[PDB]
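The structure appears right after this line, and notes come after that.
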Amino acid sequence: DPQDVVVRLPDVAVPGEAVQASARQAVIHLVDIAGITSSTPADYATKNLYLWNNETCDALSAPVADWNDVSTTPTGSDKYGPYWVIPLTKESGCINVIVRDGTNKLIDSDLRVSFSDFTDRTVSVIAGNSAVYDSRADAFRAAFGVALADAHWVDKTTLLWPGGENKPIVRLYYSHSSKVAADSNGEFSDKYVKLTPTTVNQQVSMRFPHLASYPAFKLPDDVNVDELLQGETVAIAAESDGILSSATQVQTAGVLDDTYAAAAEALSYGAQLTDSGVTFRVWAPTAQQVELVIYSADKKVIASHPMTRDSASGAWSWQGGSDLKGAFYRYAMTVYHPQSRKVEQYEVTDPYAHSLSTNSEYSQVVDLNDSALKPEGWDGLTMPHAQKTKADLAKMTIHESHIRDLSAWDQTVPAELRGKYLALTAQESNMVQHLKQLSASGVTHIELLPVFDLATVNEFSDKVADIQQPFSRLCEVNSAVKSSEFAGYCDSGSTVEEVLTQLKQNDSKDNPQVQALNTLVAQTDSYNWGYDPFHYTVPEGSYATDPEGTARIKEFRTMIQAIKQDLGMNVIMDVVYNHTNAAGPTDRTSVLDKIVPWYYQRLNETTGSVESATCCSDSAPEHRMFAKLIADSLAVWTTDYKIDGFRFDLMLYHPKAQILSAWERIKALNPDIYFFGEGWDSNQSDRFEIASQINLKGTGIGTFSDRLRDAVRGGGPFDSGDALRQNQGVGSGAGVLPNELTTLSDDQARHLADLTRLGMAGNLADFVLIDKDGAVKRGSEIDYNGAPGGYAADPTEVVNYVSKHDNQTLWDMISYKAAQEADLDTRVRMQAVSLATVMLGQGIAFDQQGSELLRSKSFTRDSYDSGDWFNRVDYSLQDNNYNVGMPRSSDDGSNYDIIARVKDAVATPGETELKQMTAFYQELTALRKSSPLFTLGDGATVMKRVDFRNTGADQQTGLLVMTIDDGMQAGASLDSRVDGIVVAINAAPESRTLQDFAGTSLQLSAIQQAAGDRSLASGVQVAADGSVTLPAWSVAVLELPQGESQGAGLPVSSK
Ligand SMILES: OC[C@H]1O[C@@H]2O[C@H]3[C@H](O)[C@@H](O)[C@@H](O[C@H]4[C@H](O)[C@@H](O)[C@@H](O[C@H]5[C@H](O)[C@@H](O)[C@@H](O[C@H]6[C@H](O)[C@@H](O)[C@@H](O[C@H]7[C@H](O)[C@@H](O)[C@@H](O[C@H]8[C@H](O)[C@@H](O)[C@@H](O[C@H]9[C@H](O)[C@@H](O)[C@@H](O[C@H]1[C@H](O)[C@H]2O)O[C@@H]9CO)O[C@@H]8CO)O[C@@H]7CO)O[C@@H]6CO)O[C@@H]5CO)O[C@@H]4CO)O[C@@H]3CO
Ligand SMILES: OC[C@H]1O[C@@H]2O[C@H]3[C@H](O)[C@@H](O)[C@@H](O[C@H]4[C@H](O)[C@@H](O)[C@@H](O[C@H]5[C@H](O)[C@@H](O)[C@@H](O[C@H]6[C@H](O)[C@@H](O)[C@@H](O[C@H]7[C@H](O)[C@@H](O)[C@@H](O[C@H]8[C@H](O)[C@@H](O)[C@@H](O[C@H]9[C@H](O)[C@@H](O)[C@@H](O[C@H]1[C@H](O)[C@H]2O)O[C@@H]9CO)O[C@@H]8CO)O[C@@H]7CO)O[C@@H]6CO)O[C@@H]5CO)O[C@@H]4CO)O[C@@H]3CO
Ligand SMILES: [Ca+2]
Ligand SMILES: [Ca+2]
Ligand SMILES: [Ca+2]
Ligand SMILES: [Ca+2]
Ligand SMILES: [Ca+2]
């Protein structure tokens, strides 16, 4: 088309520098983009700089602090703009500048000119842009070149772009093999499509509501999208004469979904065994070439196959023989990546990989149904615990565990199984026997921290050193140790563990030496929580005895079978679909973003940079093919690994619709699978309806409740310093046993009691209780940091807990918070009292591995990379890992002062306390499952049967009294043995007497009577008249015994 105006650069040269700063000088160019378009010779008399020294930048020589002084006018100027020569006292550091016309800012931003980064101290700026450029050419190309990525090709015919609104020429340029750039004639001569303004359709605004305010443009219905998506596309806008306004890169995930997803969703992906052979398929709708590279066991290329592109789906496939089973493979990609703007060439593992080589370098063809990859009996393995009804689900009592935390320290686990899946098969080890005991007593589910393929442990054992090994080994594999203050131990002949123990003696807030060595250990040990996804649907390799090939698959299943069959527990996996470990075209662990660049990651709407609000490389579960990958991945964990439930990490970054979609998909495989996650606020509500506590009401999708958690623990996860001690919780005596720093008022204490009672009734929005002032409140009317406290529809949608892998352990919180006068035995009872609010509540019960052993991390708040030393759990019951060194200073350094003040208040728990806490713990879990009344499942049923005494403004502070009705006003007798239950948690130093049940023949539960002196209710007195005397820091479960008819019980009061 020749009538089309040709888009071109300004008909002016790219500018050199006006002047170059001399000694004790800096030079600022203002590149006058408007006057480069020229017309009228520009007048710069009113341009001026405001120059001042503060504390961070002070190099200016004679800065005039008078804001109203506009006399710092240009030193000179040429056709490209003015420049300023600025005297200096020094050529290092920086200067502060605001660029003005008169007193108005041309750049609404205090500028810092760093001599350290601009060594010739000669920089350029442009009006309306806070960026400091090294040269006018750079700034010039910034203004008249490609920049950012704010154009959004969202379906076949709709481009959303700011830069093109009310511009005469708006075009989508595209180049198959090079980056769209101006000619030798300054002309953009690459091929393009023409764009005409239009109106955002309803389907596009529904799909992309965060973009609905973007100026919309239409493409011809006959544009060949497949051709444009093969290379670079750049949206370009231009004036009426053809001069370039702006040019930006294009985000294409919307049009990729509109063009390909319907066809692509019908296909299955990865290396798939069939009856004819093996079918390979990978989704790569923008790739120019995909070659399947086949590797021998020793990683030699033994074949290379150009794959067949299916043009409806953008998937690539190839079919080979059945003998390819066990073979290693990668996809050789030829694909444009917008981040580098190059057509990249690299081999990538399969995102649908189901088996891996060591350290995930190669994917491997596997048939997960092979009986060689199954323990004997696998196919008939069943759930030891039902999950079918809401009452089934409410019984869930979760023990959140980590593969190394379980066995790394257990000398009774065979050495070669320590830190391995197979440690769970060590039937006589302390660890497994302790777990069996916990299961007999009513822990029902093991929840496993990441056992999918994580990135952050090196699976080549030669490159790893663990604290149980010689310190010389640590030196060999970690070259930083050589130049560390611990270098001398390289010759010591002792283990790293022996050195860390030795370092305990002089370790202090002033000499944090244990943490110092451990930070080096952490770089090259086997330890990480593993919230760092490499491949979503392969087991982690470092947890296998053999990480090379399929061995880990059978070992994983042997563990799963042992937990269900040897230990009697169901299994929940933590899954982390909300982010990838890395993105872009070069990083070793960028898998998804090498194959389909900019599709699987969530990007900033204007820069196209991968967002990091999760921590890392944010994913895009709102995109259709990643939603499919998630669902397909869960299908394998469900069917092929027999996982009973999934906990979604940062579920709030997922659309509600996508989570429910995945759930219906998985429920069609197994109807009893349970989904829950972290449903905080992801700040993504502008893009879709997030999968949050609030939005998931009624769905049956569970969420961690932070309500009872914070009320019982005290404070919040972002407390530091004195606040860690001041913010006592119900479990540590808020308002009844104050420590020396706190100012908690009685009203504040009663408010925590409201959140705790609300949580023990399942944290429902509609539950009705009497609040701290004696007023009638619905759950949703109790405040929690401004949000409605109660949010659920059924208690199965709420997971209560007072300790978790992240943030401080319960014991460390009690240690921060307990008054000096609380002795060691009282603190053990505070731990049990805290856990009682979870274990005796209607919400699903969740707890950190080792709360029953008073688990400590030496005050470490965030132990994800703190190794075996700080995450130690001692199943030989010698101690609780308390006081083993100051925690990592980079995250807890601002807590050293309060740590040192509170740390040594009482002795460190030893074997007597550990056994006592475990008995306490098993007493609580046995109580939880002793009656269906504790686990009613259905919220309306909770509302009809659960009530509280000792409420209102004159309540006895810290005394929690819950009643569960099994009498006629409620409905049927769900429990044949009792007409009602009373739960009384006396979180207080005073003994207390209940008269609410005078005359009722109330009696103590048989479980607690049988524990005798060892019971949380030791010393409870039930008088003849039915009054109950509760010791300090006690938990009592009482019951109305049943006679041969459902009695009156404990009718809920209508309020
Ligand atoms: O001395 C205490 C503060 O110390 C530190 O501040 C120093 C800076 O670090 C240092 O760089 C330098 O400041 C320079 C600054 O960085 C440059 O940007 C520039 O400032 C000029 C600015 O760019 C112009 O726009 C203009 O300012 C006008 C402004 O735009 C206009 O809106 C109005 O300002 C009024 C505010 O709108 C109004 O809210 C109110 O201000 C409140 C304020 O909001 C409130 O927070 C409180 O101020 C606190 C402050 O928050 C504290 O942090 C602390 O200040 C210290 C800083 O933190 C350090 O950074 O204490 C303050 C309490 O005294 O109370 C204010 C009420 O008084 O009123 C505003 C004024 O009426 O008016 C101006 C009109 O000119 O001109 C600016 C310069 O004139 O140049 C700065 C160099 O002067 O120096 C700082 C030390 O002086
Ligand atoms: O994103 C990086 C962080 O990731 C990890 O954080 C995870 C948490 O550990 C985990 O518990 C969960 O958090 C959710 C939480 O469980 C839910 O309850 C809820 O959180 C809400 C909370 O309950 C409410 O109280 C309220 O918070 C208010 C708060 O009460 C109030 O005091 C104030 O907050 C101020 C702080 O008190 C004050 O100290 C300071 O905070 C600074 C901080 O000092 C500084 O170091 C820096 O923070 C860093 C941090 O040090 C880094 O380690 C890293 O944080 C990560 C965590 O460590 C991970 O464990 O990066 C941070 C910076 O990005 O900067 C802080 C300030 O920005 O000032 C605070 C105010 O500015 O106000 C708030 C009210 O706004 O609302 C809470 C909502 O967030 O939901 C949580 C979901 O985030 O999951 C986390 C997963 O990421
Ligand atoms: Ca320069
Ligand atoms: Ca791994
Ligand atoms: Ca580590
Ligand atoms: Ca956002
Ligand atoms: Ca009954």
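Following the order of the structure tokens, first chain is A, next is B, and so on, with residues numbered from 1 inside each chain and ligands from 1 in the order they appear.
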
Near residue 238 (chain A), counting only C-alpha atoms, which residues have an atom at most 10 Å away, once you skip same-chain residues fewer than 6 positions from it, shown as a VMD selection string?
chain A and resid 5 to 9 163 to 164 167 to 171 244 to 247

Within region 593-805 of chain A, find each residue whose DSSP state, derived from the backbone, is strand (DSSP E), and express the selection as a ChimeraX atom specification.
/A:617-618,645-648,674-677,702-704,768-770,776-778,783-784,787-788,798-800

Helix (DSSP H, G or I) per DSSP on the backbone: members of region 911-1009 of chain A, as a ChimeraX atom specification
/A:911-928,932-935,939-945,1006-1009

Within 10 Å of ligand 1, counting only C-alpha atoms and all ligand atoms: which residues, as a count of residues only?
23

Residues at most 7 Å from ligand 3, using only C-alpha atoms and all ligand atoms? Could they come as a ChimeraX atom specification?
/A:118,120-123,134-135

I need the residues from that last selection saved to file as a PDB file, in the first residue's frame (with N, CA and C atoms), if you can.
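File written: result-v6.pdb
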```pdb
ATOM      1  N   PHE A 118      27.656   7.292  37.048  1.00  0.00           N
ATOM      2  CA  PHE A 118      27.944   8.123  35.882  1.00  0.00           C
ATOM      3  C   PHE A 118      29.311   8.740  36.134  1.00  0.00           C
ATOM      4  N   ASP A 120      31.736   9.965  34.078  1.00  0.00           N
ATOM      5  CA  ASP A 120      32.089  11.235  33.450  1.00  0.00           C
ATOM      6  C   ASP A 120      31.208  12.392  33.928  1.00  0.00           C
ATOM      7  N   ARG A 121      30.323  12.143  34.905  1.00  0.00           N
ATOM      8  CA  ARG A 121      29.509  13.173  35.564  1.00  0.00           C
ATOM      9  C   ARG A 121      28.817  14.079  34.557  1.00  0.00           C
ATOM     10  N   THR A 122      28.415  13.495  33.431  1.00  0.00           N
ATOM     11  CA  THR A 122      27.840  14.225  32.304  1.00  0.00           C
ATOM     12  C   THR A 122      26.604  13.454  31.853  1.00  0.00           C
ATOM     13  N   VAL A 123      25.437  13.911  32.289  1.00  0.00           N
ATOM     14  CA  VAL A 123      24.223  13.130  32.156  1.00  0.00           C
ATOM     15  C   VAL A 123      23.197  13.933  31.372  1.00  0.00           C
ATOM     16  N   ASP A 134      23.219   8.436  30.507  1.00  0.00           N
ATOM     17  CA  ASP A 134      24.652   8.712  30.435  1.00  0.00           C
ATOM     18  C   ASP A 134      25.004   9.671  29.304  1.00  0.00           C
ATOM     19  N   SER A 135      24.122   9.839  28.322  1.00  0.00           N
ATOM     20  CA  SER A 135      24.446  10.620  27.139  1.00  0.00           C
ATOM     21  C   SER A 135      23.154  11.032  26.453  1.00  0.00           C
TER      22      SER A 135
END
```

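Near region 769-782 of chain A, within 9 Å and counting only C-alpha atoms, sit residues 747, 748, 749, 750, 751, 752, 753, 754, 755, 757, 758, 763, 764, 765, 766, 787, 788, 789, 790, 791, 792, 947, 948, 951, 952, 953, 954, 955 and 1055 of chain A, not including residues fewer than 3 positions from it in the same chain.
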
Select the residues contacting ligand 2 at a distance of at most 7 Å, based on only C-alpha atoms and all ligand atoms, then format the selection as an NGL selection string.
:A and (613-615 or 650 or 680-681 or 706 or 716-720 or 785 or 806-807 or 862 or 891)

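What separates CA of residue 242 (chain A) from CA of residue 11 (chain A) is a distance of 10.5 Å.
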
Residues within 9 Å of ligand 4 should be enumerated using only C-alpha atoms and all ligand atoms and returned as an MDAnalysis selection string.
chainID A and resid 358:360 451:459 530 532:535 538:543 547

Keeping only N, CA, C and O atoms, write the selected residues as an mmCIF file, in the first residue's frame.
```cif
data_model
loop_
_atom_site.group_PDB
_atom_site.id
_atom_site.type_symbol
_atom_site.label_atom_id
_atom_site.label_comp_id
_atom_site.auth_asym_id
_atom_site.auth_seq_id
_atom_site.Cartn_x
_atom_site.Cartn_y
_atom_site.Cartn_z
ATOM 1 N N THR A 358 19.391 -36.193 37.403
ATOM 2 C CA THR A 358 19.908 -35.512 38.585
ATOM 3 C C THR A 358 19.936 -34.002 38.385
ATOM 4 O O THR A 358 20.487 -33.505 37.397
ATOM 5 N N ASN A 359 19.353 -33.271 39.345
ATOM 6 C CA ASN A 359 19.317 -31.808 39.331
ATOM 7 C C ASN A 359 18.438 -31.260 38.201
ATOM 8 O O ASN A 359 18.531 -30.076 37.850
ATOM 9 N N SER A 360 17.581 -32.108 37.630
ATOM 10 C CA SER A 360 16.539 -31.712 36.693
ATOM 11 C C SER A 360 17.099 -31.208 35.366
ATOM 12 O O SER A 360 16.438 -30.426 34.674
ATOM 13 N N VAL A 451 7.510 -31.332 48.145
ATOM 14 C CA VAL A 451 8.197 -32.523 47.674
ATOM 15 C C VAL A 451 8.071 -32.698 46.168
ATOM 16 O O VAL A 451 8.482 -33.727 45.642
ATOM 17 N N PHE A 452 7.508 -31.710 45.469
ATOM 18 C CA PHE A 452 7.703 -31.589 44.025
ATOM 19 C C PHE A 452 9.143 -31.157 43.781
ATOM 20 O O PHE A 452 9.897 -30.880 44.720
ATOM 21 N N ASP A 453 9.540 -31.079 42.512
ATOM 22 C CA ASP A 453 10.921 -30.747 42.173
ATOM 23 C C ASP A 453 11.189 -29.275 42.453
ATOM 24 O O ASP A 453 10.767 -28.407 41.681
ATOM 25 N N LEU A 454 11.942 -28.997 43.519
ATOM 26 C CA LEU A 454 12.373 -27.649 43.858
ATOM 27 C C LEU A 454 13.746 -27.358 43.258
ATOM 28 O O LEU A 454 14.510 -28.259 42.902
ATOM 29 N N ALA A 455 14.063 -26.074 43.162
ATOM 30 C CA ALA A 455 15.289 -25.649 42.489
ATOM 31 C C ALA A 455 16.478 -25.441 43.419
ATOM 32 O O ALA A 455 17.619 -25.531 42.954
ATOM 33 N N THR A 456 16.252 -25.191 44.714
ATOM 34 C CA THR A 456 17.234 -24.541 45.582
ATOM 35 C C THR A 456 18.037 -25.515 46.457
ATOM 36 O O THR A 456 18.620 -25.097 47.468
ATOM 37 N N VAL A 457 18.092 -26.793 46.097
ATOM 38 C CA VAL A 457 19.057 -27.740 46.655
ATOM 39 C C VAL A 457 19.778 -28.391 45.489
ATOM 40 O O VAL A 457 19.133 -28.852 44.540
ATOM 41 N N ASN A 458 21.105 -28.421 45.540
ATOM 42 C CA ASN A 458 21.846 -29.059 44.462
ATOM 43 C C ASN A 458 21.746 -30.565 44.634
ATOM 44 O O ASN A 458 22.145 -31.104 45.671
ATOM 45 N N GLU A 459 21.226 -31.245 43.610
ATOM 46 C CA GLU A 459 21.001 -32.675 43.724
ATOM 47 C C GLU A 459 22.248 -33.494 43.415
ATOM 48 O O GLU A 459 22.198 -34.718 43.571
ATOM 49 N N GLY A 530 11.858 -25.263 50.142
ATOM 50 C CA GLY A 530 11.613 -25.656 48.766
ATOM 51 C C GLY A 530 10.457 -24.972 48.071
ATOM 52 O O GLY A 530 9.917 -25.540 47.111
ATOM 53 N N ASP A 532 10.191 -23.220 45.718
ATOM 54 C CA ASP A 532 11.034 -22.764 44.608
ATOM 55 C C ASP A 532 10.858 -23.708 43.422
ATOM 56 O O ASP A 532 11.746 -24.511 43.112
ATOM 57 N N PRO A 533 9.721 -23.630 42.728
ATOM 58 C CA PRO A 533 9.363 -24.680 41.759
ATOM 59 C C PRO A 533 10.279 -24.707 40.541
ATOM 60 O O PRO A 533 10.469 -23.698 39.860
ATOM 61 N N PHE A 534 10.846 -25.885 40.278
ATOM 62 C CA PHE A 534 11.582 -26.177 39.044
ATOM 63 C C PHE A 534 10.691 -26.948 38.073
ATOM 64 O O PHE A 534 10.435 -26.478 36.963
ATOM 65 N N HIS A 535 10.179 -28.110 38.493
ATOM 66 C CA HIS A 535 9.176 -28.864 37.742
ATOM 67 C C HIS A 535 8.034 -29.250 38.660
ATOM 68 O O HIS A 535 8.264 -29.763 39.763
ATOM 69 N N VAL A 538 7.089 -33.675 39.105
ATOM 70 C CA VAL A 538 8.107 -34.694 39.380
ATOM 71 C C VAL A 538 8.443 -34.598 40.862
ATOM 72 O O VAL A 538 8.499 -33.478 41.389
ATOM 73 N N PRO A 539 8.683 -35.702 41.573
ATOM 74 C CA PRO A 539 9.162 -35.582 42.960
ATOM 75 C C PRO A 539 10.525 -34.915 43.012
ATOM 76 O O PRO A 539 11.290 -34.929 42.046
ATOM 77 N N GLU A 540 10.805 -34.297 44.160
ATOM 78 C CA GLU A 540 12.131 -33.745 44.424
ATOM 79 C C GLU A 540 13.193 -34.845 44.412
ATOM 80 O O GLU A 540 12.962 -35.951 44.911
ATOM 81 N N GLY A 541 14.366 -34.541 43.827
ATOM 82 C CA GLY A 541 15.422 -35.529 43.698
ATOM 83 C C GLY A 541 16.321 -35.707 44.913
ATOM 84 O O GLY A 541 16.755 -36.834 45.196
ATOM 85 N N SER A 542 16.623 -34.610 45.638
ATOM 86 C CA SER A 542 17.550 -34.709 46.766
ATOM 87 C C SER A 542 16.983 -35.564 47.889
ATOM 88 O O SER A 542 17.754 -36.093 48.693
ATOM 89 N N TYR A 543 15.660 -35.744 47.931
ATOM 90 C CA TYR A 543 15.019 -36.568 48.951
ATOM 91 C C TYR A 543 15.021 -38.051 48.599
ATOM 92 O O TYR A 543 14.545 -38.866 49.394
ATOM 93 N N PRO A 547 19.011 -39.740 42.832
ATOM 94 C CA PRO A 547 18.279 -38.715 42.077
ATOM 95 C C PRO A 547 18.373 -38.846 40.562
ATOM 96 O O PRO A 547 17.871 -37.971 39.847
#
```

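Neighbours of ligand 6 at a cut-off of 8 Å, computed so that only C-alpha atoms and all ligand atoms are counted, are the residues residues 604, 605, 683, 684, 686 and 687 of chain A.
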